[PDB]
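Student: Structure below; questions to follow.
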Amino acid sequence: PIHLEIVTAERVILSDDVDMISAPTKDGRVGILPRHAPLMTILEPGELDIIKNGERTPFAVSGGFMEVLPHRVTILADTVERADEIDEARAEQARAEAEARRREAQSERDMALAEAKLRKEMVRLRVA
Amino acid sequence: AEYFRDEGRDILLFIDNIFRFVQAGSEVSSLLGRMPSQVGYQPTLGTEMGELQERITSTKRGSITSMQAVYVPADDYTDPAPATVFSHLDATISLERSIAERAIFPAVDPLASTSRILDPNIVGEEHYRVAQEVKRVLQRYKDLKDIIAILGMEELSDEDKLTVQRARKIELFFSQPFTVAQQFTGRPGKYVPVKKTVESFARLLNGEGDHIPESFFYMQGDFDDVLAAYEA
Amino acid sequence: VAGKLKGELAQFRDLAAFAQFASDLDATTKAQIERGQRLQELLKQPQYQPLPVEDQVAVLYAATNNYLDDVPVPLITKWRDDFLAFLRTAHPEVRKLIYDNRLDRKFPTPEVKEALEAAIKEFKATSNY
Amino acid sequence: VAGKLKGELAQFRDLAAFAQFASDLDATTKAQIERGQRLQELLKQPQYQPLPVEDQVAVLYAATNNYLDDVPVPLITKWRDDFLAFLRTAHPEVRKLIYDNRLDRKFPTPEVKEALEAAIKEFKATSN
Amino acid sequence: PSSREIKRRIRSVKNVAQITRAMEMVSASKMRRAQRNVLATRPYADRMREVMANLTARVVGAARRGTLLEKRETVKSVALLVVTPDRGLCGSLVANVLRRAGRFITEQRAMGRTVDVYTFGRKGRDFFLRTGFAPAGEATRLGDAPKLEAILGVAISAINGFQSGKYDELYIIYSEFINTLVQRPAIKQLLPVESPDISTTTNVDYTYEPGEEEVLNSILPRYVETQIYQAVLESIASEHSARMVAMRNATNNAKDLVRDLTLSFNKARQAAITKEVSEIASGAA
């Protein structure tokens, strides 16, 4: 029952309440319980585990930090990989997620805006 | 119409597409062999338009007031035909297709429609003030149409969202039940006096009726009528 | 049937400048765009091929209802031709029913509505595009 | 000699639309716009100074064969004037040779090709 | 001015007005998603803001105030970061930041500090190459929604210069998003700072597990990267807003030009009729 927040530089991953966290701190793996003493650690490439009513969600973390206040836990992990929620099999959000941020963002749109530059530029001299 | 005007009565003369009268005059002049004026118009364009539209005057005995439809050739207003028509005009009403697409039968475009008599020295200071304020708020709404379409309602700031809402309510307020369309629409027509219109629009602009939504203004008459409709 | 068609075509025309920017658009704006493209391709017609009134109303009811969305834009004309062939051969009864009550003030009310819906569903099930 | 002139000038006129606005064009387009400007500055002839056929042939051969690429645009007219002074004084024989066999089916014969590229190279080495 | 050339001009400008209208509407759509990314990154950047305040308050001794946070004396070399849109048509936004960055170098060179530049985006990269200040490190072709990994190619190089003593100070120039209509250029200091104002600095004593110095020496490189990433994302949002304003002005100018051209075309249309009605009438007699 501690306000855990796996926050990444791109987006917030979790903000729920969690029983226990198997934090892989640089000095050594540490567990966190709802009333953990104040703490501030450094993570290393490994797997970070969350216990939610007996359910273990192994978010792979290649590095990051961690601030463990008595009431809330923050994980400013730089990157997350494995995730029982999606992982490799059943992973859907990540699937075509790039296109979800490409066809209307990068892919196509880069050309889409280039077409606007083209057809506008070519008619710019034609009106002169 | 002049027989009835000679009896002191007030006559409305409706001329449909006065431009067709101009074109008929041009064709007659070409047939007679006269030289063609600018844009192949009759040389006597001014005199022909003055023989007409000069008997439409307000005399001591009576008055003839005319509301004439005008076709603008190729939408060219400088065109000497609409130019000579405009030289003899006092009020312009611009019915708009977009306004009529929404179910507002009196689809008069307030911005495009003007009138010479709308000055303080005749219609009174209050009428001029309320008309100018309505024009200003509707012009602001027209300017902000593109902002609303592109960015949305949220980005538009305060003290202007109120103006946009008031402009929408006031353009829905121009709807008015017609005493000739009560059979088709099942709504009795309402005759709104000019003073009642002025006071109702002033009381709509000053802040009253702001809580009332855009509805209850649609096909209504005076502001007291919309208040009663809101209460019921 | 044609009121919705006219409205949707007008909406598509008002957004003709965004057609090449279809990727970066709102979902409703996109949907309007491919609906307009489908309708415009439907209006395309060959020469010396006049469609009787029942076929026109059936096809435009199919298009106005969200029934041709799955069909790709370049295949709309083929879909329409095949649907008329289907109604002419497999389902003469629905065509006769549409033609018989084309004058009803509330045309969609009669059972003709369900008959036509069943015909569209059967055709879309049998054929693939 | 003038076929390449006409083609390059036409393509430069076509690409002037991109030249007016775009500054991210590749080195190929930049060099091609530069060549178009070279040719246009070459055509800038003063008044009452006609150029005989051999002189125009020599200048156009020098320009269309990349011998003029390193010359900056503002000095191309002066370069042409100096080159004509060179041929009129240093090598009258190359002008006589060019004018003598200007009617042969294949004008760029190795004979005319030499003693002309040599003259251009000598002029380039001596000045600038 | 022959009533047919003007028709060509009207058609051309109308095409521009349609294209420029389309570019404005995507710029708003791009700006909306650009605002969301800045908002999404806000909790991550905000989280280290108080962590900096909580940590730097504990570490106050000048002897232990080394590495990135070391406020060096007698500054000699200064490096700056500039972020610019990859594509033009943004309006005065690109010129504003280059004027800001261009004028900023003047004071630094006036006080005697040599200056080096790192550029984000092709607009900034090309301007400094032409001027002469060749950028030490550049990062172009950044998408509308870049990830923090993209800026590591430059942020790491900038920080490694500070640790080695090559750069005595670091700055960033980015387009601040004051409003959807105004995007003023902004200058920010990158050198690690003491407790930003006050953020839970009191009643705090984190038992830093790997060591107080170890945490500080590893969180400062990440904090400055977050500041650069936050500036890049804010600049991207400001770029699309600036493009939206420029296209809206261009569309308004295009529509005004069409009205002017249509007014001129109508005069040429009437004059053509008068000319014909004069020759035919003269030819009749």
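Only the coordinates and a few stated rules stand behind these numbers; no lab work does. Neighbour counts run over all protein chains shown; Cβ positions are idealised from the backbone, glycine included.
Student: Tell me, what are the semi-axes, in whole angstrom and largest first, of the equivalent ellipsoid of region E:1-101 as set by the roots of 5 times the Cα gyration tensor eigenvalues?
Tutor: 52, 21, 6
Student: Scaled to the compact-protein estimate 2.2 N^0.38 Å, what is the alpha-carbon radius of gyration of chain A, rounded to two decimal places?
Tutor: Output field value: 1.56.
Student: Then there is this: Other chains near E:217-229: what is the mean number of their Cβ atoms within 10 Å of each residue's Cβ?
Tutor: 2
Student: Express in % the proportion of alpha carbon pairs of region E:194-285 at distances exceeding 18 Å.
Tutor: When all Cα pairs of region E:194-285 are counted, 76 percent exceed 18 Å.
Student: Pop out the ³J(HN,Hα) list for region A:60-66 in order, Karplus 6.51 cos²θ - 1.76 cosθ + 1.60 with θ = phi - 60°, rounded to Hz; leave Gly and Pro as x.
Tutor: Using θ = phi - 60°, the values come out as 6, 10, 7, x, x, 10, 6 Hz.
Student: From the C-alpha gyration tensor of region B:147-231, pull out the three semi-axes of the equivalent ellipsoid (sqrt of 5λ each), sorted largest to smallest, in whole Å.
Tutor: Ellipsoid half-lengths, sorted descending, are 27, 15, 11 Å.
Student: Report, to the nearest 10°, how far helix B:161-173 tilts away from the longest principal axis of the Cα atoms in chain B, using its own Cα long axis and a range of 0 to 90°.
Tutor: Around 60 degrees separate the two axes.
Student: While we're on this one: Within 10 Å of each Cβ of E:23-35, how many other protein chain Cβ atoms are there on average?
Tutor: Partner-chain Cβ atoms within 10 Å, mean over residues of E:23-35: 5.
Student: Rounded to the nearest 0.05, what FRET efficiency do E:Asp260 and C:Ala2 give with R0 = 51 Å and r taken as the Cβ-Cβ distance? Could you check?
Tutor: FRET efficiency, E:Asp260 to C:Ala2: 0.80.
Student: For region B:1-136, report the % of Cα-Cα distances exceeding 26 Å.
Tutor: Here the long-distance tail beyond 26 Å is 39 percent of all Cα pairs in region B:1-136.
Student: What order do you get for B:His88, A:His71, E:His240 when you list them from fewest to most C-beta neighbours inside 10 Å?
Tutor: With the fewest neighbours first, B:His88, A:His71, E:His240 line up as A:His71, B:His88, E:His240.
Student: Tally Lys/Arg at +1 and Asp/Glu at -1 over every other residue whose Cβ is under 13 Å from the Cβ of A:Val61; what's the total?
Tutor: -2
Student: Another one. Which angle from 0 to 90°, rounded to the nearest 10, does the C-alpha axis of helix A:109-126 make with the longest principal axis of chain A?
Tutor: So the helix axis and the longest Cα principal axis differ by about 20 degrees.
Student: If you don't mind, another one. Please state the charge dipole magnitude for the protein assembly as shown, taken about the Cα centre, from unit charges on C-beta atoms (+1 on K and R, -1 on D and E), reported in debye and rounded to the nearest 20.
Tutor: It comes to approximately 2720 debye.
Student: Would you mind putting E:132-144, C:102-114 in packing order, based on average other-beta-carbon counts within 10 Å, highest first?
Tutor: Packing proxy ranking, top to bottom: E:132-144, C:102-114.
Student: Report the charge-dipole magnitude of chain A in Debye, nearest 20, computed about the Cα centre from +1 at each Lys and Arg Cβ and -1 at each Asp and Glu Cβ.
Tutor: 820 debye
Student: Tell me, what ³J(HN,Hα) does each residue in region E:158-173 have, in order and in whole Hz, if you take phi through Karplus 6.51 cos²θ - 1.76 cosθ + 1.60 with θ = phi - 60° and put x for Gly and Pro?
Tutor: Result, ordered by residue: 5, 6, 4, x, 5, 5, 6, x, 5, 10, 7, 6, 9, 10, 9, 10 Hz.
Student: Would you please give the residues with an amide H less than 5 Å from that of B:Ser37, counting only those at least 5 places away or on a separate chain, with H modeled from the backbone geometry?
Tutor: Hits under the 5 Å cutoff: B:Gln42.
Student: Given Cα positions, please report Rg to Rh for region E:127-285, the hydrodynamic radius being the Kirkwood one.
Tutor: A ratio of 1.38.
Student: Arrange the peptides E:40-47, B:109-116, C:57-64, C:45-52 so that the one whose residues have, on average, the most other Cβ atoms within 10 Å appears first.
Tutor: In descending order of packing, they fall as C:57-64, E:40-47, B:109-116, C:45-52.
Student: Provide a whole-number value for the mean count of partner chain Cβ atoms within 10 Å of the Cβ atoms in peptide A:103-115.
Tutor: Average neighbour count from other chains, rounded to a whole number: 6.
Student: Now, a different point. Toward the positive end of the charge dipole of the protein assembly as shown, about the Cα centre and with charges on Cβ (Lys, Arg +1; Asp, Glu -1), which of A:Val73, E:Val51, B:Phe216 goes farthest?
Tutor: In the protein assembly as shown, that residue is B:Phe216.
Student: Something else about it: Only helical DSSP H runs with n ≥ 4 go in: add -39500 (n - 2.57) per run for chain B, normalise by residue count and round the 222 nm mean residue ellipticity to 500 deg cm²/dmol.
Tutor: -13500 deg cm²/dmol
Student: Taking a spot 7 Å from the Cα of A:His71 along the direction of its beta carbon, which residues of region E:44-73 have an amide N less than 20 Å from it?
Tutor: Only E:44, E:46-55 pass the distance filter.
Student: Can you put E:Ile178, B:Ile11, C:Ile33, A:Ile6 in order, fewest other beta carbons within 10 Å first?
Tutor: Listing E:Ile178, B:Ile11, C:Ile33, A:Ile6 from fewest to most nearby Cβ atoms yields E:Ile178, B:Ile11, C:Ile33, A:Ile6.
Student: Moving to a separate point now. Taking the alpha-carbon set of region B:74-212, what are its Rg and Dmax in Å?
Tutor: When restricted to the Cα atoms of region B:74-212, Rg and Dmax are 17.2, 50 Å.
Student: Regarding region C:77-129, what is the average projected area of its C-alpha convex hull, in nm²?
Tutor: Orientation-averaged projected area of the Cα hull: 3.8 nm².
Student: Per DSSP H run of at least 4 residues, take -39500 (n - 2.57); add these up for chain E, divide by its residues and hand me the 222 nm value, nearest 500 deg cm²/dmol.
Tutor: Computed ellipticity for chain E at 222 nm equals -22000 deg cm²/dmol.
Student: Does anyone have the angle between helix E:93-110 and the longest principal axis of chain E? Alpha-carbon axes, 0 to 90°, nearest 10?
Tutor: Result, in degrees: 40.
Student: Still on this structure: With a bin width of 5 angstrom, please list the P(r) values of region E:100-211 as percents of all Cα-Cα pairs, from the 0 bin to the one holding the largest distance.
Tutor: For region E:100-211, the pair-distance distribution reads 2, 8, 14, 19, 20, 15, 9, 7, 4, 1, 0.
Student: What's the ranking of E:55-62, E:187-194 by average number of surrounding C-beta atoms within 10 Å, highest first?
Tutor: E:187-194, E:55-62
Student: Once Rh for chain E is found with the Kirkwood sum over Cα pairs, what is the Stokes-Einstein diffusion coefficient at 25 °C and 0.890 mPa s, in µm²/s?
Tutor: Using the Kirkwood radius from Cα pairs, D works out to 110 µm²/s.
Student: For the protein assembly as shown, I need the span (max minus min coordinate) of the C-alpha atoms along each principal axis, in Å, sorted largest to smallest.
Tutor: Computed over the Cα atoms, the extents are 110, 101, 76 Å.
Student: Now for a separate question. Over chain B, consider all pairs of different Cα atoms and compute the Kirkwood hydrodynamic radius from their mean reciprocal separation; express it in Å, one decimal.
Tutor: 20.8 Å
Student: Counting C-alpha atoms alone, how compact is chain C: give Rg to one decimal and Dmax as a whole number, in angstrom.
Tutor: When restricted to the Cα atoms of chain C, Rg and Dmax are 15.3, 46 Å.
Student: Where the centre of each part is set by its Cα atoms, how far does region A:1-75 sit from region C:1-46, in angstrom?
Tutor: Rounded to whole Å, the Cα centres lie 50 Å apart.
Student: Top mean-square fluctuation among E:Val82, E:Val117, E:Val16, Gaussian network model of chain E, C-alpha springs under 10 Å?
Tutor: For chain E, modelled as a Gaussian network with Cα springs under 10 Å, the answer is E:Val16.
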